[PDB]
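Colleague: Got a structure for you, questions after.
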Protein chains: 2
Amino acid sequence: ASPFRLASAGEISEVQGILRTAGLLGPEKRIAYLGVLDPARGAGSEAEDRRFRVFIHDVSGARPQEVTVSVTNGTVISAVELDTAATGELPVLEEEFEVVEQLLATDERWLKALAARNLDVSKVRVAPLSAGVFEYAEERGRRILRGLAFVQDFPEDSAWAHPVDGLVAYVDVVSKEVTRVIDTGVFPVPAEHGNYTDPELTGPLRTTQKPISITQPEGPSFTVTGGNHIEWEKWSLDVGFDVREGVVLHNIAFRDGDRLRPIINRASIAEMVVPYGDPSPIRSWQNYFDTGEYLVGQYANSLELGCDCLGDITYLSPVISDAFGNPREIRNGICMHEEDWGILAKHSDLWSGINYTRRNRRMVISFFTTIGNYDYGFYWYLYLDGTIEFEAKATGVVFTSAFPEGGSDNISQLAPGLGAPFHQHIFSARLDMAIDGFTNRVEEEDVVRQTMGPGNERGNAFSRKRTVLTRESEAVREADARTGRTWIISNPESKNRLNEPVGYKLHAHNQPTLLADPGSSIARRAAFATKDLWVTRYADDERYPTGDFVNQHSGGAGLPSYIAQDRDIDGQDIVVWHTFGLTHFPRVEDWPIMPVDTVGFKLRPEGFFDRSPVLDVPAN
Amino acid sequence: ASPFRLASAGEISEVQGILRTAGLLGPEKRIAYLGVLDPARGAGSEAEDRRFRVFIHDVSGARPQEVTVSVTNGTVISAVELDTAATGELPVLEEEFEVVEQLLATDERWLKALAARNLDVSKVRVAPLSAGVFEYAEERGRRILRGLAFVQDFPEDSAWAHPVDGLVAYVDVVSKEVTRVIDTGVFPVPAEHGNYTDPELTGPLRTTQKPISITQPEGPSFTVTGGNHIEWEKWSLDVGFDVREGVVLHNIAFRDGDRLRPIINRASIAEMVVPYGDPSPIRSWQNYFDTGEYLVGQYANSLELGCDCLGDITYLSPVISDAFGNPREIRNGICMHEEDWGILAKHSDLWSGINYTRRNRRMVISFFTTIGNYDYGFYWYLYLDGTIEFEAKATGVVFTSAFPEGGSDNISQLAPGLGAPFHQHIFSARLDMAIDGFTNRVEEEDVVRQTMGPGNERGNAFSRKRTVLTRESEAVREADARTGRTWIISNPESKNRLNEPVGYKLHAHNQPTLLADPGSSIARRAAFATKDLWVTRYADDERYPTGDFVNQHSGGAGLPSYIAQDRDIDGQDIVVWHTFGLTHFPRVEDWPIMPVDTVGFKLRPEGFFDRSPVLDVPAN
Ligand SMILES: [Cu+2]
Ligand SMILES: [Cu+2]
Ligand code: NA
Ligand code: NA
């Protein structure tokens, strides 16, 4: 019955049928995006209306459409033709990935470039890379991908070991034309292989690892009902999945005594961008919005038992649309399990003689996606004590280049002649807050040092201050690690037993934000990434920090336009957007396959509960 | 045979015998500190000399002594009388804990204070708190403890629920005199109990947690030899234990191919301080140096299987001296186990068709200690990929006070009338570095933003800079989270295959450092805590950031005096001292027993290896 249930294969085929019936999905049409819409606010006694949002591309060059369908009612609610030069191109289609290499393989300029480097065209892979928005006027309103080349010596070879630097091509994937081929000069193609399953490179595999066995003989402590409704150790939520955002959590709530207390209405990673910091013209345009441009959900891995996810695992297998509107299952695409998390609380009291130890656990909801060379794990954690955490795990193969003779300020060396351009991976978490309901506010909390003097004669006092962010113009905030800055989301109308507003505190990692010059194209397109925290008033159409259409789309949409409205956020339905990222200067240890690195954030209860919420956890 | 082996019961009894034989351990003498000394540098072909350092207190009022004994040779190497007014008092003796309450129980001023509050003296516990150094001239050269009172309603009651505010006493624990009783006025003693095993407060215990079983059917992948030498997944180290510092790691090295490569010579938590930020005269003197004043190792818990440490656990049971020089075993005081740590590396490659996943693991070496209300877990982690990490887990019961009518800028409310003064927990990790041997240097690495302009026309470039810290005067550094500041320890004489010095990068959490006014007593006594990173030239007598004697000891010793020497640290035997801490504004959720909170740091290889060191980890 849940209006938050995962999309079924049947609903997707039904959307297909409705669009077909309506004349919107003929043979030249392709689905670039399809997802279920969340229920509107209120929607109390009102019967459910499952609605789907669809972006439809036309391979014949006609304008794309944005369409909303009611699958419940079998109707098209709205359909509007898009002017992509204005509002943005549709997300990259998986079918376009191969097109760059295919078109380049018969282009005389490309072939001349490959011949100058003595490279067999049959061995040259071309990465289909998002184009962004630069100085090329002819690209405006055209679907462009840019291609960087990598040599694959044999079918199972890692092409990333062999970048072809000094060469880039631009391609119109609809008209199927190569617009530009730029060759700035030959660089040596790095020769060492990067084949991490080749015994010559690995050496003899370790025989020293003894097995670890994690089992739950009575099964897991969480229940799954209605397909995706999770109940675990007082927590309640629904696990959604969207082809753009990936795993989305809905209705995160905690059962405190008899009462189900909302905390977060919707949590997602609403954007992620990977800006590169190499000023070479071969790569200076490189910024991958994995979520907005490529749709991370679409590329979610099927996760193998005892390998990707260890322990007693419950899987969800979300269904997505292919390019024609047929359902496609991502088998075992979401892992759900609980795990031990060390000591929760411990005290050995001299005076009472009582020794007390309790163990912690967390519920884990995760998926892993692959886009080209990159592989990212997205992990949501719920802890016994009320803490909510997100962690991203970045791995894969580093994006490579040549390593310049005489070195580089913007590229590190991985292997002889092999470079790795500096870059960042920056995420935006969109947290549609509902601390004890929708009436919320945000305060910025800083530690306050105090001067030795009257009232502080020993010079030991310290304090803190909280500043309420009252309107959206005041709610674009930066980190201040030195002063221990955090942000508290509270409900001014819901007080704990000590008469203080209930709240949750967001703890950031305070990693660097977007490094690009503020006048760059990427600083405008990824404006969200320039500041650590934004707070907006909730609106149904403010979904992504970069707007609905990111591909080849300039500034003009997203967070900077949302906050211009300068809406009241002091005791209102609000949304927190937290920017957090990794800044990567690749090291030799990242090659030939990168060990996981992590980044994230957490929210901890801050006077939400009337005392510790884990007093009822049993011993041992 | 290892000169780094744990002290045996026999060695301790032998030290006792040598001191006795030498006339240094008569009936009025007490051992306040006893520990094995590390081998001197070089000590190659030279036969082993196990030496012990002892601080001897005299209960009759005579001056204490510092003594070094050769247990191998049965000799006293040196014995020197200490002037405590100058160099500091000896650490607090466990036998002195009870003395404060005992002396106060027959003092007429104390009894008057208790009677004014209608408190039964038999029910009043007194915390034996370190005194520090303030304005009281008569305390100089005297062993003083200060006492704060807490009511215990019955034998199993948590006294921390019932602080007696407005009252403090100072006591000379040698002459057995109460020097001062200060009563600033009555406060209500908070009435609610804080008994977290009482069913009335917990409610019915959860029946929802299904078991998690962690087993290793073939046993653990690490070996223990010589009592405390660990070998695990290419790592090699010796696990030491000292009554002051607790678990100390020696000779951390990694077997890279055929060659055992040193990384860290000695790693310890060399100090930890808990400064309180309440300007009330009842607590404004409160700063607990758990390591330096109380000796954290001494209070290490015996850790129960399947409770404190879960999985296939190997224990060490370190031996310490009691006050008379008799050995005392801390049964199961150190836990050692390996655990799964999620995905290590993963890539699913479109072009090669190869899908690759490997799992991570870490070796964990831990102990847990209790000092009064506080309980701290100290965890060292070694990861497959070469990462070394430390984590402290803080739990226990928060130190309480009254909560003032009309509120407080320096105390939070936990329960009706119950306060928790703001405070910090600040650690110093002493890392005697040995990156590929002893010839090391430290660089500070900051991210460098670049301006859009010539050479960076798109405004995307970013870089980094490294500054070598050449002399100790230049090596007192602060965090800069905004610029992603880290510190790299490298060996300028050992290059990787890419001709770059091998190194490790220290990643800090960039939490606030000591908040107290710089003119305070605590800013001088805990000077180390005012800055994030110090680098010194190694010296055998520079062990602690606060010097050898912290108790009632002013500034004058420790890190500020070490660096005045302004020694060369550019390619020399160096020591990194990293300050890191938690700043705690207690929340209602911390009451009546605190969920674990964590802080720490890690070091990751930075061009130490010639490629990923985990290419030889097997599948599944
Ligand atoms: Cu990266
Ligand atoms: Cu604390
Ligand atoms: Na909201
Ligand atoms: Na050293």
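Residue numbering in chain B adheres to Swiss-Prot, whereby the residues present occupy positions 9-628 in order.
Even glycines carry a Cβ here, placed using N, Cα and C.
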Colleague: Check Swiss-Prot: it lists B:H431, B:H433 as binding Cu cation. Then name which of B:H258, B:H586, B:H592 it lists for that same site.
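Modeller: Of B:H258, B:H586, B:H592, B:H592 joins B:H431, B:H433 in the Cu cation site that Swiss-Prot records.
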Colleague: If you check Swiss-Prot, which of B:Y144, B:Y382, B:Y512 turns up marked as 2',4',5'-topaquinone?
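Modeller: Record annotation (Swiss-Prot, 2',4',5'-topaquinone): B:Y382.
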Colleague: Swiss-Prot annotation: B:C343 disulfide-bonded to which of B:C315, B:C317?
Modeller: B:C317
Colleague: Among B:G305, B:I379, B:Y382, B:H431, B:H433, these being the recorded positions, pick the one whose CA is nearest to that of B:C343 (disulfide bond).
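Modeller: So, of the listed recorded positions, the one sitting closest to B:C343 (disulfide bond) is B:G305.
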Colleague: Same chain, not part of B:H431, B:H433, B:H592: whose C-beta falls within 8 angstroms of the C-beta centre of the Cu cation site? Give them in sequence order.
Modeller: B:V282, B:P283, B:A402, B:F430, B:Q432, B:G589, B:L590, B:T591
Colleague: Nearest of the recorded positions to B:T299 (substrate binding site) by CA-CA distance, picking from B:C317, B:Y382, B:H431?
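Modeller: Closest candidate to B:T299 (substrate binding site), judged by Cα separation, is B:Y382.
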Colleague: For the recorded positions B:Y302, B:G305, B:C317, B:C343, B:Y382, B:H592, which sit with their CB under 6 angstroms from an atom of ligand 2?
Modeller: B:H592
Colleague: Give me the non-local Cβ neighbours of B:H431 (Cu cation binding site): same chain, 6+ apart in sequence, Cβ-Cβ under 8 Å, ordered along the sequence.
Modeller: B:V282, B:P283, B:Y284, B:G285, B:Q294, B:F407, B:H592
Colleague: Tell me which of the recorded positions B:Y296, B:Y302, B:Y382 sits in the most Cβ-dense spot, judged by other Cβ atoms within 10 Å.
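Modeller: Going through B:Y296, B:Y302, B:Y382 one by one, the largest Cβ count within 10 Å is at B:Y302.
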Colleague: Could you measure between B:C317 (disulfide bond) and B:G305 (substrate binding site) for me? Cα positions, answer in whole angstrom.
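Modeller: Taking the Cα atoms only, B:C317 (disulfide bond) lies 18 Å from B:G305 (substrate binding site).
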Colleague: Measure from the CA atom of B:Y296 (substrate binding site) to the CA atom of B:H433 (Cu cation binding site) and give the result in Å, rounded to a whole number.
Modeller: 9
Colleague: Between the Cα atoms of B:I379 (substrate binding site) and B:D298 (active site, proton acceptor), what distance do you get, rounded to the nearest Å?
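Modeller: The separation of the Cα atoms works out to 7 Å.
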Colleague: What does DSSP say about B:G305 (substrate binding site): helix, strand or coil?
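Modeller: DSSP assigns B:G305 (substrate binding site) to helix.
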Colleague: How many Å lie between the Cα of B:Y382 (active site, schiff-base intermediate with substrate) and the Cα of B:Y302 (substrate binding site)?
Modeller: 12
Colleague: May I ask for the distance between B:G305 (substrate binding site) and B:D298 (active site, proton acceptor), taken between their Cα atoms and rounded to an integer number of Å?
Modeller: 10
